[PDB]
Amino acid sequence: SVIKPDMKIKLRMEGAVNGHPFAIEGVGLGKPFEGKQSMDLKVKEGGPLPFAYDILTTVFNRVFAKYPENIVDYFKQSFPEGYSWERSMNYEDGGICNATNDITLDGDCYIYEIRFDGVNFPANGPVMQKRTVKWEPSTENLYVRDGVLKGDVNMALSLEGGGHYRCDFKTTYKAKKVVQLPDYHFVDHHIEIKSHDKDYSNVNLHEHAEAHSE
């Protein structure tokens with residue numbers, strides 16, 4: 001179709017955390033039917049980032065999820081026109097991040113235009129003190145609402161020395177053309193920073209995701 005077994009990714013994120021602006025660009029490769037992707041990221045403005053890089057990673061495409069034949073795939077169906085999403089990410093200590101991605105397709109390459117904005121992270125919290133280790137794997141629940149698709153997930157960052165820091169995600173996905181709507185289902189995720197330099201100016205990021213249903 002327009003979807004190939006191997007696809008490319010280019011992105012720019014512009015954003016701010018607690019008022020301090022920054023920007024990151026990346027290029028990657030994904031396998032839409034395997035639900036696997038990897039990318040290399042570089043901080044272009046705002047670096048060395050004074051907050052935990054982890055809060056950014058899930059913002060850097062549910063196209064890269066392995067869907068079985070018996071579940072409607074809202075995301076792959078939405079191309080070549082594509083789709084966009086919006087997300088609120090509510091951390092338990094009152095830090096709040098909002099992000100959007102508008103995804104287009106050019107040849108075999110998805111292009112992301114990304115906005116990230118976080119506020120009210122406590123100065124001595126794990127995010128501003130950079131005390132996070134990784135996100136735990138998760139299960140996103142997806143359900144139709146107002147003719148578009150929502151996906152929510154209970155997320156947790158493992159912390160330095162032990163313990164977890166919780167964040168609730170609420171995402172709304174919006175196809176840019178009319179597509180078949182899915183029944184309620186799930187997407188299991190595991191995102192991981194595979195390598196990074198000391199201050200995360202360079203990051204290699206992976207995710208693998210698989211849909212399942214009742």
# chains A, B, ... in the order shown; residues from 1 in each chain; ligands from 1
>>> select_by_dssp(residues="stretch 15-213 of chain A", states="alpha helix (DSSP H)", output="PyMOL selection string")
chain A and resi 54-57
>>> write_last_selection(atoms="N, CA and C atoms", output="PDB file, in the first residue's frame")
ATOM      1  N   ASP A  54      13.571  11.070  29.965  1.00  0.00           N
ATOM      2  CA  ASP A  54      12.460  10.112  29.929  1.00  0.00           C
ATOM      3  C   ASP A  54      11.056  10.706  29.714  1.00  0.00           C
ATOM      4  N   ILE A  55      10.828  11.935  30.181  1.00  0.00           N
ATOM      5  CA  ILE A  55       9.504  12.507  30.043  1.00  0.00           C
ATOM      6  C   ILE A  55       9.188  12.755  28.585  1.00  0.00           C
ATOM      7  N   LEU A  56      10.217  12.774  27.740  1.00  0.00           N
ATOM      8  CA  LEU A  56      10.029  13.033  26.307  1.00  0.00           C
ATOM      9  C   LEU A  56       9.769  11.779  25.478  1.00  0.00           C
ATOM     10  N   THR A  57      10.294  10.638  25.910  1.00  0.00           N
ATOM     11  CA  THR A  57      10.448   9.513  24.972  1.00  0.00           C
ATOM     12  C   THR A  57       9.174   8.957  24.330  1.00  0.00           C
TER      13      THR A  57
END
>>> select_by_dssp(residues="stretch 119-149 of chain A", states="strand (DSSP E or B)", output="list in words")
residues 119, 132, 133, 134, 135, 138, 139, 140, 141, 142, 143, 144, 145, 148 and 149 of chain A
>>> closest_atom_pairs(of="stretch 61-98 of chain A", to="stretch 154-174 of chain A", cutoff="6 Å", atoms="only C-alpha atoms", output="tab-separated table")
residue	atom	partner	partner_atom	distance
A:83	CA	A:174	CA	5.4
A:84	CA	A:174	CA	5.3
A:85	CA	A:173	CA	4.4
A:86	CA	A:172	CA	5.4
A:87	CA	A:171	CA	4.2
A:88	CA	A:170	CA	5.4
A:89	CA	A:169	CA	4.6
A:90	CA	A:168	CA	5.1
A:91	CA	A:167	CA	4.1
A:92	CA	A:166	CA	5.6
>>> residues_around(residues="residue A:60", least_positions_apart="4", cutoff="10 Å", atoms="only C-alpha atoms", output="PyMOL selection string")
chain A and resi 10-13+24-26+39+41+56+101+112+114+205-207
>>> closest_atom_pairs(of="stretch 68-104 of chain A", to="stretch 181-190 of chain A", cutoff="7 Å", atoms="only C-alpha atoms", output="Markdown table")
| residue | atom | partner | partner_atom | distance |
| --- | --- | --- | --- | --- |
| A:71 | CA | A:182 | CA | 6.7 |
| A:72 | CA | A:182 | CA | 4.7 |
| A:73 | CA | A:182 | CA | 6.8 |
| A:74 | CA | A:181 | CA | 6.3 |
>>> closest_atom_pairs(of="stretch 1-71 of chain A", to="stretch 210-213 of chain A", cutoff="6 Å", atoms="only C-alpha atoms", output="CSV")
residue,atom,partner,partner_atom,distance
A:65,CA,A:210,CA,5.2
A:66,CA,A:210,CA,4.6
A:67,CA,A:211,CA,5.1
>>> residues_around(residues="stretch 1-4 of chain A", least_positions_apart="6", cutoff="12 Å", atoms="only C-alpha atoms", output="list in words")
residues 29, 30, 31, 32, 33, 34, 63, 64, 75, 76, 77, 78, 79, 80, 81, 82, 104, 105, 106, 107, 108, 109 and 110 of chain A
>>> write_last_selection(atoms="C-alpha atoms", output="tab-separated table (two decimals), in the first residue's frame")
chain	number	residue	atom	x	y	z
A	29	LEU	CA	13.53	3.33	11.11
A	30	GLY	CA	10.47	1.30	11.97
A	31	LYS	CA	8.71	-1.92	11.03
A	32	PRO	CA	4.95	-1.25	11.12
A	33	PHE	CA	3.90	-4.90	10.95
A	34	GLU	CA	6.45	-6.07	13.50
A	63	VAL	CA	1.49	2.90	13.28
A	64	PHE	CA	4.43	1.02	14.79
A	75	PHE	CA	-3.55	4.05	12.29
A	76	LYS	CA	-2.40	2.15	9.22
A	77	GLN	CA	-5.82	2.77	7.63
A	78	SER	CA	-5.30	6.53	8.02
A	79	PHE	CA	-2.50	6.78	5.47
A	80	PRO	CA	-1.44	8.23	3.08
A	81	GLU	CA	-3.28	11.25	4.57
A	82	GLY	CA	-2.12	10.36	8.09
A	104	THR	CA	2.49	13.01	7.59
A	105	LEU	CA	3.96	10.61	5.06
A	106	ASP	CA	6.44	11.39	2.26
A	107	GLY	CA	7.40	8.33	0.25
A	108	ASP	CA	8.55	5.63	2.67
A	109	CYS	CA	9.13	8.20	5.43
A	110	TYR	CA	6.88	9.39	8.22
>>> atom_distance(atom1="atom CA of residue A:15", atom2="atom CA of residue A:141")
26.8 Å
>>> closest_residue(among="A:59, A:144, A:178, A:49", to="residue A:201", atoms="only C-alpha atoms")
A:49
>>> closest_residue(among="A:147, A:21, A:94, A:122", to="residue A:47", atoms="only C-alpha atoms")
A:21
>>> closest_residue(among="A:52, A:177, A:192, A:18", to="residue A:36", atoms="only C-alpha atoms")
A:192
>>> closest_residue(among="A:138, A:43, A:23, A:53", to="residue A:208", atoms="only C-alpha atoms")
A:138
>>> closest_residue(among="A:133, A:124, A:200, A:118", to="residue A:44", atoms="only C-alpha atoms")
A:200
